[PDB]
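Quick mapping for you: the protein sequence lines, in order, are chains D, B, A, Y, C, U, L and G. If you're matching positions, the first sequence starts at 162 in the working numbering and goes up one per residue. If you're matching positions, the second sequence starts at 9 in the working numbering and goes up one per residue. If you're matching positions, the third sequence starts at 9 in the working numbering and goes up one per residue. If you're matching positions, the fourth sequence starts at 37 in the working numbering and goes up one per residue. If you're matching positions, the fifth sequence starts at 1181 in the working numbering and goes up one per residue. If you're matching positions, the sixth sequence starts at 15 in the working numbering and goes up one per residue. If you're matching positions, the seventh sequence starts at 14 in the working numbering and goes up one per residue. If you're matching positions, the eighth sequence starts at 30 in the working numbering and goes up one per residue.
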Amino acid sequence: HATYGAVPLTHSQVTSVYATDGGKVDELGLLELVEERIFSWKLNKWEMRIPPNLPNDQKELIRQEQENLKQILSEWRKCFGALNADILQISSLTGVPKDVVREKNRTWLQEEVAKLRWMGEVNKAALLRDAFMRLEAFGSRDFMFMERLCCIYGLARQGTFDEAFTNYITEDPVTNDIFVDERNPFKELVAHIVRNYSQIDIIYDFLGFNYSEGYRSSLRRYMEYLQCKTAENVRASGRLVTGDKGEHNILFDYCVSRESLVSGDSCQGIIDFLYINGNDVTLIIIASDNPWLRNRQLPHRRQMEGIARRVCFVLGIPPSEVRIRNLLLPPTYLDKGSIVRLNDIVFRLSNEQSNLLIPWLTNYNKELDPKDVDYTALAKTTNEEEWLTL
Amino acid sequence: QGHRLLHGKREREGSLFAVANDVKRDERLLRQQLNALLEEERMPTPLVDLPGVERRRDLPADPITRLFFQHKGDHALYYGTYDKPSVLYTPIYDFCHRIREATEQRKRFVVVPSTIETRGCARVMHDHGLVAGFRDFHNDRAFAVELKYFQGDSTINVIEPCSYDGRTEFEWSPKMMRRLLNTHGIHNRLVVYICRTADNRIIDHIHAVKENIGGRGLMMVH
Amino acid sequence: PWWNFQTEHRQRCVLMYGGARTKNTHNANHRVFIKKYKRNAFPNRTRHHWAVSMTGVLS
Amino acid sequence: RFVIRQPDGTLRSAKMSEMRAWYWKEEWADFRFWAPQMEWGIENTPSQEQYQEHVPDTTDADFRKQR
Amino acid sequence: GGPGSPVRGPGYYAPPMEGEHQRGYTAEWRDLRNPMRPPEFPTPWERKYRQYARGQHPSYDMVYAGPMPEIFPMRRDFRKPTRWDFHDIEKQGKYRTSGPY
Amino acid sequence: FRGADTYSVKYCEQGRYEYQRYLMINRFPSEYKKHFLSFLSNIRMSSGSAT
Amino acid sequence: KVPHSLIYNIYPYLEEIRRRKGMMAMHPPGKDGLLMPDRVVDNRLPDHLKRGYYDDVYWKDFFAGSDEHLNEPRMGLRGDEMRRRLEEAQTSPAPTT
Amino acid sequence: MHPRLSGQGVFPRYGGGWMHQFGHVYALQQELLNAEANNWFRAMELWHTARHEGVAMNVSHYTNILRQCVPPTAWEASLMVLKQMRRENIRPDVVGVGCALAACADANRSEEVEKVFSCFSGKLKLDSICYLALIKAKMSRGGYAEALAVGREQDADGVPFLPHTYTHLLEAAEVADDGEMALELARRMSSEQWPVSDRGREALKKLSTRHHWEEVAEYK
RNA sequence: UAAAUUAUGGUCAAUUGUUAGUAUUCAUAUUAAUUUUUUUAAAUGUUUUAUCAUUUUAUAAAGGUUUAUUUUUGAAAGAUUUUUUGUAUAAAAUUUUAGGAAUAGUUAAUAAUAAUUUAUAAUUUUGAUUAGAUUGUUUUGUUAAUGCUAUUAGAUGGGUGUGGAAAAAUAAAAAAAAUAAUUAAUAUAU
Ligand SMILES: [Mg+2]
Ligand SMILES: [Mg+2]
């Protein structure tokens, strides 16, 4: 539990504390074992996990992050229970073994449903068909795999969940020897996550798990990493990243728009990042949680023309081929379509070369939340706009 | 840095107070004209005369009604042409009095002051067939009731507020709503008794008995 | 039938005292006020009693 | 619980009219409805999963084992 | 009623209330005089009794088997000194005689 | 008078203790101390011929 | 109004109380947009006739399609390539200069 | 050794709601309509106690009896039920007729499939499974030319073709050597995109060897 | 100031008496009479003890007059345990006067039981104190009525510091330390 002197960890101390050497670590087996240990808990195991000697705002943000981890793990618990119930129902209605259900086919489903309908059991045939239909979308062993890995990385990030996975009294299944196990599969799994997934903090912040600082610094590190693999000759001074090829490849970290947006002020246009790629200019803006501030956060057409004219003045690029385009990002997370549009527009990367440069992009399945409709309307009116030519 | 506290609905809505020394001066016309000066025709798009909502979430859930609304950012405010009529005690009392005095004079439109509990009572009267229609219903200050007539005389015969003196209000229990549904030993869907629930929904006496609720009684009309 | 609260109060009075209430308590009695003092010479400085004053806190 | 001591000392239970005599009067009668004629196959289908929604457990509550 | 009484508000009309009293007096207090629905159970004991919380009796074929009412001469008071009547507390008191008849 | 009067089916299909709502009965902290000490004294009674 | 809706307690008279709204607006839409509630088969057909001929007609919605639709399992591992690529990207340098 | 649903909040409102005088009627109706019961011998005995206790039985009670007779292939039991439903004028549903059609088709009772198919041909909207039991009855007697007429009768009635219908009709074109009949059947499977069974694949390879119709038309 | 969009390709209504409950008689109902009925005349036996004593036996009436109420740690219950120890002394709240003005053994603090001190103290025109009337009480009566109109549970700073508690100068039971009697009805006159 929480002790006097426990502290929340950043990525550096998670990397340093869980730095062990492992060879051929099973991701799915240790993932299922750690989640089986998690699902066997009660709600009282989640109570005393906040470290006491902290200010109240930091304790509130830690409580919000732990509540988010708890509700996402409970959602995956009920999803896994539904998965096991559907697999057991299919193996009981059909008569096939349980381990070969996941490798079955749709022709096999048609044959088994026709066999059940021939015997006169239309209810069991409808149950088998509906269980297989809701099993084709959820039945993979790696379904929410990046989200579950980010949940376990967040449980390591809290710092108070590391001793909750060991010192259990178990029985041997074949000899019935009551013993106490000191093996910690959570530490081995977090060590393998830190060793293999070098950008697990970027996926952790992009999925909306970080409640303290958000995903903006992870976005800057992601864009700097994607600039270092495309320009390949990169100098980085403070908040300015530049390629030295003569062709303009510039990333400028202007300001943080969460503190820059004064509530009750009349100032049109506050951006976060400015990316100059060749002749193109992108104003990368992270939207705010205030819907009365999103209309003030995007710059005017005259302001974008002034920024493009300043680019023509400073970089010496002629104003015949100069294009400037706004880019709006979701406030608390970063969905898959936003990252795809960021790779398409800013860095001029298609899907195949982005999957070659970034391996974890294919299994990233974050989408826009349905309850935020005004942001989706603003992003539809913003991202479908033509490049403003000076 | 110490900041001044916004006190009252005029400072919280951000009134300019352009007229010297007067805080109770009406502001909607000047602000509407300044907001019409704020908008511009963008060339490579302007707004329409339909009403607007300031947020995309404020659009109506009906797909047919959503055709009559659009999304304006800060131009959705200060909508309307009619102003607050003057010369009583309660807006429900004035809303009953103007309809009662204009149904005797055989007029087509009555300009009544638009509050939350007024336009809901008007919507309930329009549902039951006592009101032919409305003009400028999205105006948050005053709207026009287009009255209904049939073969010379008015459809609305008697319209009376619940606060008959204009001061004392009443809170109806669901027992009172069941009394108003079965009054004088008959089943009453004829005389419409309207109340306002705790959820600020303006509900007649039939739907209040249907879901076993009460409310603050506003007016009766038949 | 749903009995009211007065049935429960009558039940409490029956279980306490053995009976609910003796009858004939109204009697329609003519309570007549007989004055004694002079016209404007009542022996009080603020409230001058000249009628039958009811006695009771909540009734 | 009702009891009736007979004049020969026998303790017996009460009859149905004897049990209903201690309540308020119920002076109506139904001459139509016969409960074995109820429909049970098309719309009236009580499911065990609906009774499993209350989640009656012996480890979480031990009143049934105590009785 | 105050001391020793479960009545919380007037039966039909009341002065204007705010807050939880407004939600209580109009929606959430007990009401046994409601002929359609009994007073509600807390969560989650209302979902599984949804089909039982409507109406009073499903029959509507109730052949009345009691004594017939007397229309002339109409007796105002029915007060009897009884010996074996255990409902004699409930059978006395002024009650409103309003029914189908 | 009310010779044939029936009640709802919900009254005879309900389970036990399902009508009780959660009421937060607050009290004084001195009353909290008094009731806690009284319950702790009643629990710790020695088992004689009276307990 | 009709007069019997003003004095009698029957429940579809509650339909007479509200204003006239469109049947495409009150009912939930489909995949193409607004749809009449009598144009979807599951609404107009009663539930006691949805057993024999209904699934015999709608067998093609579930068990008909191309070879990639019918002969490809969808419950396999969808993240093995990323796992192998990250393992070989961790294995091959094996050093921090 | 208990009724699976006892009472107190599980029985509908219009029946009074757990009338304890009819507690045996509530327990008997759940044994009659038990979807997990597979003993056909108990299902005939459970009808005789509902007949004695005066329990009203609709078509769902007889469909649960006819369902349990198909895995043991009790063709005699399926006809005594339909005799009783005709005796009391309780019309069987298409699922119930398809159970008695399948119970008589798997017992090689071809004469009894055809007389129970003709009883419900014009009145009931029969299924492709109901047509399939007539196909299996014709093919059991060597009526492979007559089994193709059942496929033409199914096409005339508007009943669509399922992959088990193509499995047995292509087998009927093997002995009858009706290569022109299987030309329309094989073109219909590709247009409807059905999965071909293993018995339907070998039926197409035998007829493409004899008639050589797939090679001259380039359809594989 | 949108300008009458054209298979009119579906009409055949309503009523089978099954009900979401304050409903109004300016002349009728409540009061006394045409009618009441039936009695009652005090002057009195609670009991056990260790004997001129001691143990048990705590709300009669009139008078005077109250904005309000309840629970003993102590006696009993009551136990093979035991300290006169087992949290009783408190709060909110709501009275009336046809001719409306001042009040006080006084308010708070306090190393102060049992106040030699301090203070710019306390109540009252949002109605006090005194004087009058005065037990209160969704229990009564009436009505369509959140209106009007009635009441009889009680308590008792100088009689005795006894007793756990003054409630003690008189009550058809509340059976009061050996089963007095316990079938029934009068249960009192007698
Ligand atoms: Mg004692
Ligand atoms: Mg002092």
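From the three backbone atoms N, C-alpha and C, an ideal C-beta is built for every residue, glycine too.
Around the beta-carbon of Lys406/D, fewer than 16 other beta-carbon atoms lie within 10 Å, marking it exposed. Taken in chain order, the members of the stretch 438-464 of chain D whose beta-carbon sits within less than 9 Å of a beta-carbon on chain B are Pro452, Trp453, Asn456, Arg462.
Non-local beta-carbon contacts of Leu234/D in its own chain, meaning distances under 7 Å to residues more than five positions away in sequence, involve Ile199, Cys312 in chain order. Cα atoms of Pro346/D and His90/Y: separation of roughly 36 Å, rounded to the nearest angstrom. At least one beta carbon of chain C lies nearer than 9 Å to the beta carbon of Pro182/B.
Contact with chain D is found for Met95/L, since one of that chain's Cβ atoms lies less than 9 Å from the residue's Cβ. In this structure the stretch 520-534 of chain D lies against the stretch 493-500 of chain D, because at least three pairs of beta carbons, one per stretch, are closer than 8 Å. In the structure shown, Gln78/B adopts extended strand secondary structure according to DSSP, grouped into three states. By the Cβ neighbour-count rule, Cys129/B is buried, with 16 or more other Cβ atoms within 10 Å of its own. Distance from the CA atom of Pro1195/C to the CA atom of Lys183/B, rounded to whole angstroms, is 15 Å. Annotation for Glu54/Y: the continuous alpha helix (DSSP H) segment containing it runs 52-56.
Distances from the CA of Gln429/D to each of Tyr436/D, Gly439/D, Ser418/D, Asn438/D were compared; the closest alpha carbon is that of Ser418/D. C-alpha of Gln37/G to C-alpha of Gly29/U: approximately 7 Å in a straight line. Put simply, the backbone Cα of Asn40/U is about 9 Å away from that of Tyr46/U. The beta carbon of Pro1218/C sits no closer than 9 Å to any beta carbon of chain G. Cβ neighbours of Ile248/D within its own chain (closer than 6 Å, five residues either side excluded): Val262. Using a CB distance below 9 Å, the part of the stretch 38-67 of chain G facing chain U consists of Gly38, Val39, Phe40, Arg42, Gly45, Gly46, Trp47, ordered along the chain.
Using a Cβ-Cβ cut-off of 7 Å, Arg187/B is close to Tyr1192 of chain C, given in chain order.
In the three-state reduction of the DSSP assignment, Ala1194/C falls in the strand class, which pools E and B. Between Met1216/C and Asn220/B the beta-carbon gap is near 7 Å, inside 8 Å, which marks them as a contact. Closest option to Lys156/B, judged by alpha-carbon separation, among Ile194/B, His136/B, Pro99/B: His136/B. Contact of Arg35/U with chain C by beta-carbon distance below 7 Å involves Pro1222. DSSP places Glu332/D inside the beta strand (DSSP E), whose first and last residues are 329-332. DSSP lists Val229/B as the bridge partner or partners of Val200/B. Comparing alpha carbon positions, the residue from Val341/D, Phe322/D, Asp323/D closest to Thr331/D is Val341/D.
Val534, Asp535, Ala538: these are the residues of the stretch 522-547 of chain D whose beta carbon lies less than 7 Å from some beta carbon of chain B, given in chain order.
The stretch 196-210 of chain G and the stretch 235-242 of chain D do not touch, with fewer than 3 CB-CB distances between them shorter than 8 Å. The Cβ of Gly62/U sits no closer than 9 Å to any Cβ of chain Y.
Counted as a single uninterrupted DSSP element, the alpha helix (DSSP H) harbouring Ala134/G occupies residues 123-134. DSSP places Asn487/D inside the beta strand (DSSP E), whose first and last residues are 484-490. Between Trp72/L and the set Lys234/G, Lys235/G, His241/G, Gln222/G, the nearest pair of CA atoms involves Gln222/G. Look at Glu112/B here: in three-state DSSP terms it is coil, with no helix or strand label.
Cβ-Cβ distances below 7 Å link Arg115/G to nothing in the same chain once the five nearest sequence neighbours on each side are left out. Close to chain B, meaning a Cβ-Cβ distance shorter than 8 Å, are the following residues of the stretch 1202-1214 of chain C: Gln1202, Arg1203, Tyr1205, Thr1206, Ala1207, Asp1211, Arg1213, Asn1214.
With fewer than 16 other beta carbons inside 10 angstroms of its own, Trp1264/C counts as exposed. Scanning its chain for C-beta atoms nearer than 7 Å, with the 5 sequence neighbours on each side dropped, one finds around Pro1219/C the residues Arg1210, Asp1211, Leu1212, in chain order.
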